[PDB]
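Shown here: upload_27.cif, mmCIF, C-alpha atoms.
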```
data_upload
loop_
_atom_site.label_atom_id
_atom_site.label_comp_id
_atom_site.auth_asym_id
_atom_site.auth_seq_id
_atom_site.Cartn_x
_atom_site.Cartn_y
_atom_site.Cartn_z
CA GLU A 2 123.91 34.53 80.73
CA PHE A 3 124.64 37.99 82.20
CA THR A 4 123.35 39.32 85.54
CA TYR A 5 120.48 41.81 85.89
CA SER A 6 122.67 44.29 87.73
CA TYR A 7 125.22 44.22 84.95
CA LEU A 8 122.63 44.85 82.23
CA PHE A 9 121.02 47.72 84.11
CA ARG A 10 124.42 49.24 85.01
CA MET A 11 125.73 49.11 81.46
CA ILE A 12 122.51 50.47 79.97
CA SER A 13 122.58 53.27 82.55
CA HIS A 14 126.19 54.12 81.78
CA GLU A 15 125.33 54.48 78.10
CA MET A 16 121.99 56.21 78.68
CA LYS A 17 123.21 58.87 81.13
CA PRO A 18 124.09 61.75 78.80
CA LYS A 19 120.64 62.20 77.24
CA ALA A 20 119.17 61.41 80.65
CA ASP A 21 121.14 64.26 82.20
CA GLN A 22 119.81 66.75 79.60
CA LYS A 23 116.16 65.69 80.04
CA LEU A 24 116.35 66.70 83.69
CA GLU A 25 117.88 70.02 82.56
CA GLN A 26 114.61 70.93 80.81
CA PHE A 27 112.76 70.54 84.10
CA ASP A 28 115.48 72.34 86.08
CA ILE A 29 116.24 69.47 88.49
CA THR A 30 119.65 68.03 89.42
CA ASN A 31 119.83 64.28 88.93
CA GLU A 32 120.01 63.61 92.69
CA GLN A 33 116.87 65.77 92.92
CA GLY A 34 115.20 63.63 90.26
CA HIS A 35 116.15 60.51 92.16
CA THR A 36 114.65 62.10 95.28
CA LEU A 37 111.35 63.01 93.66
CA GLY A 38 111.11 59.58 92.08
CA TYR A 39 111.79 57.95 95.42
CA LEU A 40 109.20 60.17 97.19
CA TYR A 41 106.77 59.41 94.40
CA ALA A 42 107.29 55.70 94.96
CA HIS A 43 106.57 55.96 98.68
CA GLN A 44 103.54 58.28 98.77
CA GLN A 45 101.69 55.72 100.95
CA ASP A 46 104.37 55.00 103.58
CA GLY A 47 105.75 58.47 104.14
CA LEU A 48 109.46 59.15 104.05
CA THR A 49 111.79 61.27 106.16
CA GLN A 50 114.97 63.27 105.61
CA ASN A 51 117.07 60.40 106.93
CA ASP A 52 115.30 58.00 104.59
CA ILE A 53 116.36 60.26 101.70
CA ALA A 54 119.97 60.55 102.91
CA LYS A 55 120.09 56.75 103.04
CA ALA A 56 118.50 56.29 99.60
CA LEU A 57 120.83 58.72 97.89
CA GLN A 58 123.84 57.52 99.86
CA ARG A 59 124.68 61.14 100.50
CA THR A 60 126.00 63.47 103.20
CA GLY A 61 123.51 65.22 105.49
CA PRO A 62 124.07 68.91 104.57
CA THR A 63 124.04 68.06 100.85
CA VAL A 64 120.63 66.45 101.44
CA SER A 65 119.22 69.33 103.52
CA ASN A 66 120.22 71.70 100.72
CA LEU A 67 118.64 69.64 97.95
CA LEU A 68 115.51 69.35 100.06
CA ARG A 69 115.49 73.12 100.70
CA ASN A 70 115.77 73.79 96.96
CA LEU A 71 112.80 71.52 96.33
CA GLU A 72 110.70 73.14 99.11
CA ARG A 73 111.47 76.62 97.72
CA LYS A 74 109.66 75.61 94.54
CA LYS A 75 106.92 74.08 96.69
CA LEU A 76 107.45 70.74 95.00
CA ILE A 77 107.56 69.16 98.46
CA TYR A 78 106.54 70.03 102.07
CA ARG A 79 108.52 69.11 105.19
CA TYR A 80 107.11 68.75 108.73
CA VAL A 81 108.14 67.37 112.15
CA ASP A 82 106.50 64.02 112.99
CA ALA A 83 104.02 63.83 115.88
CA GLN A 84 105.20 60.53 117.51
CA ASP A 85 108.93 61.22 117.13
CA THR A 86 110.12 64.81 117.03
CA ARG A 87 113.60 63.81 115.89
CA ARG A 88 112.22 62.69 112.48
CA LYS A 89 111.43 65.09 109.67
CA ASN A 90 108.65 63.87 107.38
CA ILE A 91 108.39 64.86 103.74
CA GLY A 92 105.52 64.90 101.27
CA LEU A 93 104.97 65.80 97.63
CA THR A 94 102.85 68.81 96.62
CA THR A 95 100.46 68.90 93.66
CA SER A 96 103.08 70.68 91.55
CA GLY A 97 105.59 68.04 92.58
CA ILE A 98 103.35 65.14 91.57
CA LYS A 99 102.70 66.86 88.23
CA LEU A 100 106.42 67.35 87.75
CA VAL A 101 107.24 63.75 88.62
CA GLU A 102 104.65 62.27 86.23
CA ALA A 103 105.88 64.51 83.42
CA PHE A 104 109.50 63.71 84.26
CA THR A 105 108.81 60.00 84.11
CA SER A 106 106.26 59.89 81.27
CA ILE A 107 107.91 61.98 78.53
CA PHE A 108 109.41 60.63 75.36
CA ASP A 109 112.79 61.58 73.90
CA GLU A 110 114.48 60.54 70.64
CA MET A 111 116.52 57.96 72.51
CA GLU A 112 113.43 56.41 74.07
CA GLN A 113 111.81 56.46 70.62
CA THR A 114 114.67 54.22 69.51
CA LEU A 115 114.20 52.06 72.65
CA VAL A 116 110.59 51.33 71.61
CA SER A 117 111.69 51.02 67.95
CA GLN A 118 113.17 47.52 68.47
CA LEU A 119 109.97 46.11 69.94
CA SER A 120 106.32 45.35 69.09
CA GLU A 121 103.46 47.02 71.01
CA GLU A 122 102.50 43.74 72.71
CA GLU A 123 106.19 43.25 73.40
CA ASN A 124 106.58 46.75 74.88
CA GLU A 125 103.44 46.53 77.01
CA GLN A 126 104.85 43.30 78.45
CA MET A 127 108.40 44.55 78.98
CA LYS A 128 107.42 47.92 80.48
CA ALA A 129 104.93 46.26 82.80
CA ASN A 130 107.38 43.57 83.97
CA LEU A 131 110.18 46.11 84.40
CA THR A 132 107.75 48.05 86.64
CA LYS A 133 107.01 44.92 88.70
CA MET A 134 110.79 44.53 89.26
CA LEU A 135 111.16 48.17 90.23
CA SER A 136 108.29 47.98 92.72
CA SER A 137 109.78 44.87 94.29
CA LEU A 138 113.04 46.75 94.74
CA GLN A 139 111.30 49.84 96.32
CA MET B 1 100.82 57.51 82.40
CA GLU B 2 103.41 54.76 81.91
CA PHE B 3 107.08 55.03 82.88
CA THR B 4 109.76 55.49 80.17
CA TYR B 5 112.52 52.95 79.68
CA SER B 6 114.96 55.70 80.61
CA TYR B 7 113.30 56.30 83.97
CA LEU B 8 112.94 52.59 84.81
CA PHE B 9 116.58 51.91 84.00
CA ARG B 10 117.72 54.99 85.97
CA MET B 11 115.62 53.93 89.00
CA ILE B 12 116.53 50.21 88.95
CA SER B 13 120.19 50.96 88.40
CA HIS B 14 119.84 53.32 91.33
CA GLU B 15 118.18 50.77 93.56
CA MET B 16 120.90 48.28 92.64
CA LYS B 17 124.20 49.86 93.70
CA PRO B 18 125.69 48.53 96.97
CA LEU B 24 132.97 40.65 95.48
CA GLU B 25 135.44 39.28 98.05
CA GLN B 26 135.89 35.75 96.61
CA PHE B 27 137.30 37.11 93.30
CA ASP B 28 139.77 39.23 95.24
CA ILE B 29 138.45 42.46 93.68
CA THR B 30 136.93 45.64 95.04
CA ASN B 31 133.50 46.23 93.37
CA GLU B 32 134.85 49.47 91.88
CA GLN B 33 137.49 47.22 90.28
CA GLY B 34 134.72 44.87 89.32
CA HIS B 35 132.95 47.81 87.74
CA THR B 36 136.07 48.86 85.76
CA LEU B 37 136.55 45.31 84.54
CA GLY B 38 132.86 45.25 83.62
CA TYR B 39 132.96 48.44 81.56
CA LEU B 40 136.21 47.35 79.91
CA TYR B 41 134.45 44.13 79.04
CA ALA B 42 131.49 45.92 77.48
CA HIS B 43 133.58 48.34 75.42
CA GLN B 44 136.41 46.15 74.10
CA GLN B 45 135.68 46.82 70.38
CA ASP B 46 136.03 50.52 71.12
CA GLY B 47 139.21 50.03 73.12
CA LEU B 48 139.30 52.63 75.91
CA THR B 49 141.37 55.25 77.72
CA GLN B 50 141.95 56.12 81.37
CA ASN B 51 140.18 59.45 80.79
CA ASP B 52 137.33 57.46 79.23
CA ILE B 53 137.30 55.09 82.18
CA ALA B 54 137.39 57.92 84.74
CA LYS B 55 134.63 59.95 83.09
CA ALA B 56 132.43 56.86 82.57
CA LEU B 57 133.13 55.52 86.10
CA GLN B 58 132.20 58.86 87.76
CA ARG B 59 135.63 59.11 89.40
CA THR B 60 138.73 61.31 89.40
CA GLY B 61 141.52 60.49 86.96
CA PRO B 62 144.21 59.72 89.52
CA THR B 63 141.79 57.53 91.55
CA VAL B 64 141.39 55.22 88.55
CA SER B 65 145.18 54.82 88.39
CA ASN B 66 145.44 52.87 91.65
CA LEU B 67 142.78 50.38 90.52
CA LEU B 68 144.46 49.98 87.13
CA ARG B 69 147.88 49.71 88.74
CA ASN B 70 146.60 46.79 90.80
CA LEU B 71 144.64 45.08 87.99
CA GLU B 72 147.73 45.36 85.78
CA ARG B 73 149.88 43.81 88.56
CA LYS B 74 147.56 40.79 88.55
CA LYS B 75 147.75 40.99 84.78
CA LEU B 76 143.99 41.16 84.40
CA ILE B 77 144.32 44.14 82.05
CA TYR B 78 146.93 45.37 79.52
CA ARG B 79 147.35 48.80 77.88
CA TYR B 80 148.87 49.95 74.59
CA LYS B 89 146.68 55.18 76.16
CA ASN B 90 144.31 52.37 75.25
CA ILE B 91 143.25 49.75 77.82
CA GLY B 92 142.17 46.16 77.16
CA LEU B 93 141.44 43.01 79.15
CA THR B 94 143.88 40.12 79.52
CA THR B 95 142.57 36.54 79.12
CA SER B 96 142.42 35.86 82.85
CA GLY B 97 140.82 39.30 82.96
CA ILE B 98 138.02 38.27 80.61
CA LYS B 99 137.53 34.91 82.39
CA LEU B 100 137.31 36.65 85.76
CA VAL B 101 134.85 39.24 84.48
CA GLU B 102 132.74 36.46 82.96
CA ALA B 103 132.59 34.65 86.32
CA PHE B 104 132.01 37.90 88.18
CA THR B 105 129.16 38.97 85.88
CA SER B 106 127.75 35.44 85.38
CA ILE B 107 127.15 34.93 89.12
CA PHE B 108 123.84 34.14 90.84
CA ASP B 109 123.45 36.29 93.96
CA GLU B 110 120.74 37.06 96.52
CA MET B 111 119.54 40.14 94.73
CA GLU B 112 119.67 38.49 91.35
CA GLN B 113 117.75 35.59 92.91
CA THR B 114 114.96 37.92 94.02
CA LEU B 115 114.73 39.57 90.60
CA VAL B 116 114.60 36.27 88.70
CA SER B 117 112.08 35.11 91.29
CA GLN B 118 109.64 37.77 90.07
CA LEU B 119 109.09 36.31 86.60
CA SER B 120 108.72 33.09 84.61
CA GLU B 121 111.68 31.36 83.00
CA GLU B 122 110.22 32.68 79.74
CA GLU B 123 109.52 36.17 81.10
CA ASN B 124 113.11 36.28 82.43
CA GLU B 125 114.46 35.06 79.11
CA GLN B 126 112.47 37.72 77.20
CA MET B 127 113.42 40.45 79.58
CA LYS B 128 117.09 39.42 79.45
CA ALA B 129 117.15 39.12 75.66
CA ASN B 130 115.50 42.52 75.10
CA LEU B 131 117.78 44.12 77.63
CA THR B 132 120.74 42.68 75.66
CA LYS B 133 119.29 43.95 72.35
CA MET B 134 118.53 47.38 73.76
CA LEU B 135 122.02 47.80 75.15
CA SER B 136 123.27 46.41 71.81
CA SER B 137 121.62 49.34 70.01
CA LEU B 138 123.43 52.04 72.05
CA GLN B 139 126.78 50.20 71.93
#
```

Give the structure from the file, written as structure tokens.
Amino acid sequence: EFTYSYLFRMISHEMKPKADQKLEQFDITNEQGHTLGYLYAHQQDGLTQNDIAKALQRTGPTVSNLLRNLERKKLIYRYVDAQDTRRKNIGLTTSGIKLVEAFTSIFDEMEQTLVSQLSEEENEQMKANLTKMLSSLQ
Amino acid sequence: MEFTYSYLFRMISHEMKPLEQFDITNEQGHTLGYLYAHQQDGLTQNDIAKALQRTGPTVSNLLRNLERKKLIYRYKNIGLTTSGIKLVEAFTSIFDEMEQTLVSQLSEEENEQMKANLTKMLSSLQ
């Protein structure tokens, strides 16, 4: 019946308050969380400042600032690319990887409810498939 | 070492954000969509603005227009007109390139399961 975008959008709209707070515990802004998750997704490829500005759909200075705040904590490292000196390449540090896996892995009350509907076989299937969809997307 | 539902939904919803044949503006389509989801609640412009992620006056132009086309009515509390619900059902129901790719990933059964559980899970929150 209803479209995948619509389901994900509605679920996100409802989910966002508790989601916002969970990031608060780790001291990251939600655009920062989106950035780390995106970097985490693309560890193999490499990603650049422009790639991040595109992903976040955000203004350039806003991006440079968010990126600076993350480098201050040494979550990420930024360097000029060898082939093209216009591009600025970005990578995740050890602390950053640790942060991202905790940020993604951890279980709240709300999640506990989300699992509560389903069986363990059912959850293994859904979580796995949902991950396949996410990977396809990027 | 497995992603939470919260993370996956945040990331997918994030990947997703970007029609013309329905003569609406995507942000309008979103407002119609949220109104559709929350009808039992009813809703207010402040509710719509906060939920939308947009300023309160900005919402007013969209509403002004949707009202003109009589796709919504308010009593404030805002509700969908009949043409409004039909349009949202078409607008939501629609196959599209992105949707095509996502359905492509899984079996008819896997897609049914995923869709049903998504509908249940959202049903739990509201």

(message) For the provided coordinates, the residues matched by the PyMOL selection byres ((chain B and resi 63) around 12) should be stated as a PyMOL selection string.
(response) chain B and resi 32-33+36+50-51+53-55+57-62+64-70

(message) Suppose a student applies the PyMOL selection byres ((chain B) within 8 of (chain A)) to this structure; what residues should they get, written as a PyMOL selection string?
(response) chain B and resi 1-13+15-16+38-39+42+56+105-108+112+115+118-119+127-128+131-132+134-135+138-139

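Listed by chain and then by number, the residues chosen by the PyMOL selection byres ((chain B and resi 93-104) around 9) in this file are residues 3 of chain A; 24, 27, 34, 37, 38, 40, 41, 44, 71, 74, 75, 76, 77, 78, 79, 91, 92, 105, 106 and 107 of chain B.
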
Find the axis-aligned box for segment 3-22 of chain A, covering all its listed atoms and adding 3 Å on each side, and write its centre and edge lengths in Å to one decimal as AutoDock Vina command-line options.
```
--center_x 122.7 --center_y 52.4 --center_z 82.5 --size_x 13.0 --size_y 34.8 --size_z 16.5
```

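Note that the spacing between atom CA of residue 89 of chain B and atom CA of residue 49 of chain B amounts to 5.5 Å.
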
(request) Measure the distance from atom CA of residue 98 of chain A to atom CA of residue 60 of chain A in Å and round it to one decimal. (result) 25.5 Å

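The spacing separating atom CA of residue 61 of chain A from atom CA of residue 21 of chain A amounts to 23.4 Å.
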
Residue 49 of chain A: which residues within 6 Å, counting only C-alpha atoms, same-chain residues fewer than 4 positions away excluded, as a JSON list (two decimals) with C-alpha atoms, keeping the file's coordinate frame?
```json
[["chain", "number", "residue", "atom", "x", "y", "z"],
["A", 89, "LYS", "CA", 111.43, 65.09, 109.67],
["A", 90, "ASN", "CA", 108.65, 63.87, 107.38],
["A", 91, "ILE", "CA", 108.39, 64.86, 103.74]]
```
